[PDB]
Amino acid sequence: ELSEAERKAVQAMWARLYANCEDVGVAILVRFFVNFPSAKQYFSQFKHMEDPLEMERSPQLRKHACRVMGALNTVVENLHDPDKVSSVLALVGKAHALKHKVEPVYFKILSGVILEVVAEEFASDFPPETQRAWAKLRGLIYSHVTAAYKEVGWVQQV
């Protein structure tokens, strides 16, 4: 669950990744909405944009990219401060369960998409001990997020 080594491997990798916050977050979102056009339903601005071209460029989408990337950054950066991470995700988890009401599973799905991009950006040096280190940040994120959902006794509505 993220050694000292792992924590730095992920950290360096994301560092070079976040220095591109902009295009990378957008590529993730746009790609998430193409694979699962139904998570687009939660966004009142994309619920209808179907052409990933309109998306790719849109300043709002770019905004939600800004947010997702920023939050992840805080997690990754304070990845050694159990408390800090637990907090950013609790805050993020409850906002999505109670305010936006995104069914929890999308998180896991959205995380895979994120790693897919990471793995592509570093297809050059994506080692087993490193890919294995990202799988943790992934499982760490989700469980934390579903803990928030669980604590609020989440039920999605009809």
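Residue numbers run from 1 along the displayed sequence.
Per the PDB record, of the two stretches 90-98 and 119-127, 119-127 carries the greater mean B-factor over its C-alpha atoms. Higher mean CA temperature factor between 144-152 and 18-26: 18-26, per the PDB entry. Highest C-alpha temperature factor among 47, 31, 108, 67 per the entry: 47. In the PDB entry, a CA B factor belonging to the middle third of its chain's modelled residues is recorded for residue 37. Residue-level temperature factors show residue 133 in the middle third of its chain, judged at the C-alpha atom.
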